[PDB]
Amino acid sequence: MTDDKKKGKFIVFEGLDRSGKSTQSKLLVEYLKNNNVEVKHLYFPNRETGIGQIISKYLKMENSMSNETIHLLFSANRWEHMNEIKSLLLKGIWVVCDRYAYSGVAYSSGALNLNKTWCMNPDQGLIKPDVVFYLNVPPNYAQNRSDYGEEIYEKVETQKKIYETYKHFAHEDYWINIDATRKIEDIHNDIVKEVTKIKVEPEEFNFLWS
């Protein structure tokens, strides 16, 4: 009756810029809703919060910030959401989340040359997701995307480095590589095949990075 168990499932999309994360998670969520499964759609960065408004401005080059300043904002933005998320998952509501601490590490080490550990430390103790679908597109695949170049990191050479740093996570048992250069529909079914593989049962919360 004093229950502290995670009851929803936590699903994260990771990927390079414009890689289809909104496209996929919308659909996943939509699929989850036609199957008696409850789910909230989240995303990082959340540009609505105080902290979030500053991240946005950085991304849009309306301001500039130092590497370590912006990195810690991205991380704080995830912690300002931990209760929300924890609450949802306690209640049995699934969370499908577009970007997370991986983005944080991939981007900052890749694009801003920060040290990976340094980059990881702030995000330690955030809730561990049950799965990450890394939508995988090659950096030069991305550029053909509709709004490519409008935001700070969307330059081929930069994505090129971010693509390489993302492999820092390939060895995780929840890291699921998805070849994302396809028909939206194909990618979608893979995700589905993979989400029903998971068994629905209550369990203790886990935290990064362990």
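We call the rigid core whatever largest set of C-alpha positions still superposes within 1.5 Å between the two forms. Counting begins at 1, following the sequence as shown.
Of the two segments 133 to 141 and 78 to 86, the one whose CA positions lie farther from the displayed form in 6 other deposited structures of this protein, once all are superposed on the rigid core, is 133 to 141. Greater average departure of CA atoms from the shown form, over structures and residues in 6 other deposited structures of this protein after a core fit, characterises 40 to 48 among 159 to 167 and 40 to 48.
Compared with other entries of the same protein, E68 falls outside the group left without coordinates by a third of them; all model it where both flanks are modelled. Coordinates for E30 are present in every one of the other compared entries of this protein that model residues on both sides of it, well short of the third needed to count it as often missing. Of the two segments examined, 10 to 18 and 189 to 197, it is 189 to 197 that shows the higher average Cα temperature factor in the deposited entry. Relative to one another, 62 to 70 and 139 to 147 have unequal mean CA B-factors, and 139 to 147 is the one with the higher figure. When the C-alpha B-factors of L32, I55, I162, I176 are ranked from the entry, the top spot goes to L32. The PDB entry assigns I51 a C-alpha temperature factor belonging to the lowest third of its chain's modelled residues. In the PDB entry, a CA B factor belonging to the highest third of its chain's modelled residues is recorded for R182.
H168: CA B factor lies in the lowest third for its chain, per the PDB record.
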